[PDB]
Amino acid sequence: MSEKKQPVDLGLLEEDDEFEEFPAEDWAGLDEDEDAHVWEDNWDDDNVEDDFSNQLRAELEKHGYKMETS
Amino acid sequence: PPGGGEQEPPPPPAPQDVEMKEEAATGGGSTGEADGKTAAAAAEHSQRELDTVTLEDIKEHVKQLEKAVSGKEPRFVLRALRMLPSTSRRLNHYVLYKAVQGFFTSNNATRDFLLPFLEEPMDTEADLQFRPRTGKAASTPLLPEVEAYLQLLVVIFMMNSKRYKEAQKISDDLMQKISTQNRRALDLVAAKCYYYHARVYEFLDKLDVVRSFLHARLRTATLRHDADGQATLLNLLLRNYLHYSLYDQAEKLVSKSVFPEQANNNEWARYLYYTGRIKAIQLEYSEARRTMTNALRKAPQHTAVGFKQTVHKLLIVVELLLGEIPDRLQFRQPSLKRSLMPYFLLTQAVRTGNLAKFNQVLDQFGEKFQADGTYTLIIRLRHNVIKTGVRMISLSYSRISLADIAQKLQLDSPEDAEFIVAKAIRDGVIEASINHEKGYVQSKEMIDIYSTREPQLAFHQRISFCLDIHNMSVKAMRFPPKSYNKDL
Amino acid sequence: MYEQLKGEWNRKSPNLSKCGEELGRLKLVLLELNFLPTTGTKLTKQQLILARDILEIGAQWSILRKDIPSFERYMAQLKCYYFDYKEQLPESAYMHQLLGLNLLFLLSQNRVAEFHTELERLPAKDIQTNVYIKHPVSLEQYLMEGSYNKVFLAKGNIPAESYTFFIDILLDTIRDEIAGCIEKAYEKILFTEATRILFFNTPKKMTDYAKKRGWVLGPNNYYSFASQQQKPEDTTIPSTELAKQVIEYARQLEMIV
Amino acid sequence: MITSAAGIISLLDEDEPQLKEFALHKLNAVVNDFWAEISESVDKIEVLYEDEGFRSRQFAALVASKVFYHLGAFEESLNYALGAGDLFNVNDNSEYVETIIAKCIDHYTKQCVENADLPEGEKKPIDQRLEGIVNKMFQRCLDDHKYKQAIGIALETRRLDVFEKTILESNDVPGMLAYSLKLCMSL
């Protein structure tokens, strides 16, 4: 049919009318580091990145202190 | 006054040529194509009419045409009327009535002349001979034009268009079952009608009329159908069954019949998403995963973007149930991206699986995914967290500690450790060895693949199934060359 | 209308042989009174919703007498007045009570997939702050946990609501599966964990399950046999069906030719 | 009226048939709505049909005969439309009645070809109500004959006295014998 795409796209225009170019520019803050970098790698890098965005992000600086303590 | 007054009679005089040329091209192309033998040549205008419909779905047609452009509305087909022979003076008339509106002006209006659209369908639609194909080829394209802008009391005008549609053709028909190319057209044409004022239907009403008749019209085809249009009429029934049916003793496995040759190069995808949406509530892990991902991968023609966010979103919604959640990886379009822009923090919050934090995280910014309705598979997710996390424990080492991995699973007791690990053991999805020598629980955790482990029996079935798919594809390169050399 | 019916209605009758006469009596009165919902003239909602109510409390004594085909009979007939087109039907205060025992019945009969597809209609936000509105689905998410310890500690967390014995009907009808899955016994399991996981000191599990499982009972251990013992195939019969595959490859490759 | 009612299943699974009978009556209204909700009670309908305990074999065999062609083969529907015994049924333009007399006529003349090559010995029984509802709609065509299909079906039915009543009231009798032999040498 593809006319049932129309109310789903009315939902999409409501989603784009939630925030008007606030997520395109702010998420483009991450996209400008992420544009033209292959985003299959950005899922692994986003995976371990968001995994370590909580804690122990760099952590290789700490392993030299983990030598004498462990 | 000079700005739009000088550019007013300029812009307009441009969709007139392509719409009149289009209706003469597909009208005279359809009648002039299948006129002699409609029964021999079939479905040649199937892709033509649907591609014109999807070609006119993105019409920017009426923006200013409420003001003094409405001469196109009282004019219509007017081809070869009032007498089937001696149409040469009517060949003069074709230029005449188009030329009358081109001398000075025309008395025009929008909402007055709607109801006497049945003046010619009382006596002669076009010719008194090709009345079915010229009747639907006359009426059915122009009804979404005037019944476009469904809002602003055109819903009642849509009801007038409904009863005119049924009243001339689809109350029963003029000849029950036409049994020609316009019967096969009238399947998806009448379907498309019912989808079009299905917005009128669900707008205020619900299931309680033409949908209940559509089972009788669904079986009035005699059964001898290829059932393509019968399947399209089934799709509105199943989408009607999406929002609230929940009973499974009819449509689920009962509606499941012969599974006819139902192709359309769209209807596999959207039919399959519909049955995967309803088969997604019992949490199908094997079947709906692969075939609903397949239905995501179908319909590449017009967009792969704007609609497949729904089969995609539902797909990853049921994919994170299994512990392994693949994100948006290989497809780059900023529609699915904004679709998962709320979903990203929680779908990355699947794998680490922290109970008390992510329980707050879901409902915390939960606006639209928890306003999407009744919190069902997310409420199964809320205790699926520790099951997918302990499935990652199954992807980790064997022995279960009482402090390290019990504390790590936020679950600090001897009983519940072996108990809920044992709830993963009663699944059968894993491989584990329940042993108590000193009280510690072992597992052999053998994830060894069938490489040097019964390979013949293992990809035995892979050989048979794969060769059947490749060899029915060999049938699919045998028979369409028969469909090439058939005409010559 | 035809008579009062309210004398023995609220009268909590221990004897249901008295209620069988009133019950089939109401079958004889409602026998002409159009069991199917009737939207004609719309003032029949009084007798149709009171007919709903007497089939509701008649279903209550139908489970008090513990009659299973009668139970799905009265629930399948009460759905018809629950599921109707007119939303002018006022909601029973005991409607969610009886639907909650319907969820009890679905988990009791192990039809729980149809519970899971039934889960869309029930959070309609009528109350949602009463504990019984949330109770069978929370108990079922405990089932998807499998956690019976929280259920067993949660036995007295239900108030003086009199269906805790019906919850005990559920606990008594799931211990076949809980005890069966804990005695699934892939390698072997020892008795002293079955001291805690298996139930109280009355030895009914080792009595009934010695005649149900019919296994070997060793020196204070629970033994597991017939586990991954199977000898692999001869490869000859699958070579014959592979030969039939070769026949069908000569067929499907070369039939029309 | 109803769509998803399963109380009608439990009433169909119930004795004291004075409650069964109007339940089946209200089932015959909602059958075109849902034949697949009846698909689970097909077994109980068959059980109350096969015995002669329940009094109406055609209220059973009509329901089963109208749910089978919605479910499966037209043979199994046909065995209960033809096996419904005496059926008081007017001619209607409804799909159900014309399909069951359609497959009835088709399988009837199927039997007539199956026994047209066997004049004697091992003759298969043909129930007489089949002859009645074939010749009832057939003679219903032969109110005026419609000047064509009397000899056509009369050759298709392979039966002996079916065509002497056609030529009794027949206009342009050499037109009917020449039209007749014209069809006969063309087959």
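Values quoted throughout were computed directly from the atomic coordinates according to the rules given, and no laboratory measurement underlies them. In this analysis, Cβ positions are derived from the backbone assuming ideal geometry, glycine residues included, and neighbour counts consider all displayed protein chains.
Can you work out which of the residues in the range B:4-18 that are touching a residue at least 12 places away in the same chain (Cβ under 8 Å) and in a helix (DSSP H, G or I) is farthest from B:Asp57 (Cα to Cα)?
Checked the range B:4-18; the qualifying residue farthest from B:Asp57 (Cα to Cα) is B:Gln16.
Mind counting the residues in the range B:369-383 that are of a type outside the set (A, V, I, L, M), out of contact with any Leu (no Cβ under 6 Å at 6 or more places or on another chain), at the interface with another protein chain (Cβ under 9 Å from one of its Cβ atoms) and surrounded by 14 or more Cβ atoms within 10 Å (Cβ to Cβ)?
Here the count works out to 5.
Going through the range D:109-145 one residue at a time, which ones are within 21 Å of D:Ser180 (Cα to Cα) and over 16 Å from the mean Cα position of the chain (by Cα)?
Once the filter is applied, which keeps residues that are within 21 Å of D:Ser180 (Cα to Cα) and over 16 Å from the mean Cα position of the chain (by Cα), the range D:109-145 yields D:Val113, D:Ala116, D:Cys141, D:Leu142, D:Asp143, D:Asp144, D:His145.
Across the range C:54-76, which residue is farthest from C:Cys19 (Cα to Cα) among those that are hydrophobic (A, V, I, L, M, F, W, C) and within 13 Å of another protein chain (Cβ to nearest Cβ)?
Restricting to residues being hydrophobic (A, V, I, L, M, F, W, C) and within 13 Å of another protein chain (Cβ to nearest Cβ), the top hit is C:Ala76.
Which condition from (1) assigned to a loop (DSSP other than H, G, I, E, B); (2) loosely packed, with under 10 Cβ neighbours inside 10 Å; (3) not charged (D, E, K, R) is the one that B:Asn108 breaks?
(2)
Which residue, of C:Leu55, C:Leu33, is surrounded by 13 or more Cβ atoms within 10 Å (Cβ to Cβ) and part of a loop (DSSP other than H, G, I, E, B)?
C:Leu33
Could you check, for the range C:149-172, whether at least one of its residues is facing chain B (nearest Cβ under 10 Å) and surrounded by 15 or more Cβ atoms within 10 Å (Cβ to Cβ)?
yes
Residues to consider are B:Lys206, B:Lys177; find the one that is part of a loop (DSSP other than H, G, I, E, B) and more than 24 Å from B:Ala42 (Cβ to Cβ).
Only one candidate passes the filter, namely B:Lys206.
Applying the selection to the range C:155-170, what residues are outside any helix (DSSP H, G or I) and either in contact (Cβ under 8 Å) with a residue 40 or more places away in the chain or closer than 21 Å to C:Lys205 by Cβ (or both)?
Listed by number, the list holds a single entry, C:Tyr163.
Which of the residues belonging to the range B:55-100 are touching a helix residue (DSSP H, G or I) at 6+ places or on another chain (Cβ under 6 Å) and surrounded by fewer than 15 Cβ atoms within 10 Å (Cβ to Cβ)?
none
Just to be sure before I move on: is B:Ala299 of a type in the set (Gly, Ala, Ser), in contact (Cβ under 8 Å) with a residue 12 or more places away in the chain and assigned to a loop (DSSP other than H, G, I, E, B) in the structure I sent?
So B:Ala299 passes the test.
Of the conditions (1) over 16 Å from the mean Cα position of the chain (by Cα); (2) surrounded by 15 or more Cβ atoms within 10 Å (Cβ to Cβ), D:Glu164 satisfies every one except a single condition; which number is it?
Result: D:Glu164 passes all but (2).
Just to verify a result, which residue in the range A:1-17, among those that are of a type in the set (D, E, K, R) and touching an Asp or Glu at 6+ places or on another chain (Cβ under 9 Å), is farthest from the other protein chains (Cβ to nearest Cβ)?
Among those residues, the one meeting the criterion is A:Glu3.
Tell me, yes or no, whether the range B:189-201 has at least one residue that is part of a loop (DSSP other than H, G, I, E, B) and within 14 Å of chain D (Cβ to nearest Cβ).
no
Quick grid of which residues meet (1) more than 13 Å from every other protein chain (Cβ to nearest Cβ); (2) of a type outside the set (A, V, I, L, M, F, W, C); (3) loosely packed, with under 12 Cβ neighbours inside 10 Å:
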{"site": "B:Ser394", "(1), (2), (3)": "yes, yes, no"}
{"site": "B:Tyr397", "(1), (2), (3)": "yes, yes, yes"}
{"site": "B:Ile400", "(1), (2), (3)": "yes, no, no"}
{"site": "B:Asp404", "(1), (2), (3)": "yes, yes, yes"}
{"site": "B:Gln407", "(1), (2), (3)": "yes, yes, yes"}
{"site": "B:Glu418", "(1), (2), (3)": "no, yes, no"}
{"site": "B:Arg426", "(1), (2), (3)": "no, yes, no"}
{"site": "B:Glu431", "(1), (2), (3)": "no, yes, no"}
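I need the full set of residues from the range B:254-273 which are within 14 Å of chain D (Cβ to nearest Cβ) and either surrounded by fewer than 17 Cβ atoms within 10 Å (Cβ to Cβ) or under 17 Å from A:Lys5 (Cα atoms) (or both), in order please.
B:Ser255, B:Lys256, B:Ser257, B:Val258
Of the conditions (1) under 22 Å from the mean Cα position of the chain (by Cα); (2) surrounded by fewer than 16 Cβ atoms within 10 Å (Cβ to Cβ); (3) within 12 Å of another protein chain (Cβ to nearest Cβ); (4) under 23 Å from B:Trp268 (Cβ atoms), B:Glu287 satisfies every one except a single condition; which number is it?
Only one criterion is unmet by B:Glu287, namely (3).
Please work out if B:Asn235 is without any contact (Cβ under 8 Å) to a residue 60 or more places away in the chain, of a type in the set (S, T, N, Q) and either within 14 Å of chain D (Cβ to nearest Cβ) or farther than 25 Å from D:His70 by Cβ (or both).
Spelling it out, it is not the case that B:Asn235 is without any contact (Cβ under 8 Å) to a residue 60 or more places away in the chain, of a type in the set (S, T, N, Q) and either within 14 Å of chain D (Cβ to nearest Cβ) or farther than 25 Å from D:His70 by Cβ (or both).
Just the residues that are within 10 Å of chain A (Cβ to nearest Cβ) and in a helix (DSSP H, G or I), please, taken from the range B:309-330.
Matches in the range B:309-330: B:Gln309, B:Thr310.
Identify, please: which residue in the range C:79-125 is hydrophobic (A, V, I, L, M, F, W, C) and touching a residue at least 40 places away in the same chain (Cβ under 8 Å) and is, among those, nearest to the other protein chains (Cβ to nearest Cβ)?
If we take residues in the range C:79-125 being hydrophobic (A, V, I, L, M, F, W, C) and touching a residue at least 40 places away in the same chain (Cβ under 8 Å), then C:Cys80 is nearest to the other protein chains (Cβ to nearest Cβ).
Exactly one condition in (1) out of contact with any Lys or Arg (no Cβ under 7 Å at 6 or more places or on another chain); (2) assigned to a loop (DSSP other than H, G, I, E, B) is false for A:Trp39; which is it?
Looking at each condition in turn, A:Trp39 falls short on (1).
Can B:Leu218 be described as within 29 Å of B:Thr52 (Cα to Cα), within 11 Å of chain D (Cβ to nearest Cβ) and free of Cβ contacts under 8 Å to residues at least 40 places away in the same chain?
Here the answer is yes, as B:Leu218 does meet what is asked.
Residues that are crowded, with 20+ Cβ neighbours inside 10 Å and among the basic types (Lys, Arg): which helices (runs of 4 or more DSSP H) entirely in the range D:33-85 hold 1 or more of them?
Helices (runs of 4 or more DSSP H) meeting the threshold: D:57-71.
Looking only at the range B:354-368, how many residues end up being within 12 Å of another protein chain (Cβ to nearest Cβ) and buried (at least 18 other Cβ atoms within 10 Å of the Cβ)?
The number of residues fulfilling the criteria is 1.
Given the conditions (1) within 30 Å of B:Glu437 (Cα to Cα); (2) in contact (Cβ under 8 Å) with a residue 12 or more places away in the chain; (3) within 26 Å of the chain's Cα centre (by Cα), which single one is not true for C:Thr173?
Every condition holds for C:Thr173 apart from (1).
How many of the residues making up the range C:181-200 are out of contact with any helix residue (DSSP H, G or I) (no Cβ under 6 Å at 6 or more places or on another chain), more than 9 Å from chain B (Cβ to nearest Cβ) and under 24 Å from B:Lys438 (Cα atoms)?
Qualifying residue count for the region: 5.
Does the range D:1-32 hold any residues that are part of a helix (DSSP H, G or I), touching a residue at least 24 places away in the same chain (Cβ under 8 Å) and polar (S, T, N, Q), and which are they?
D:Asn28
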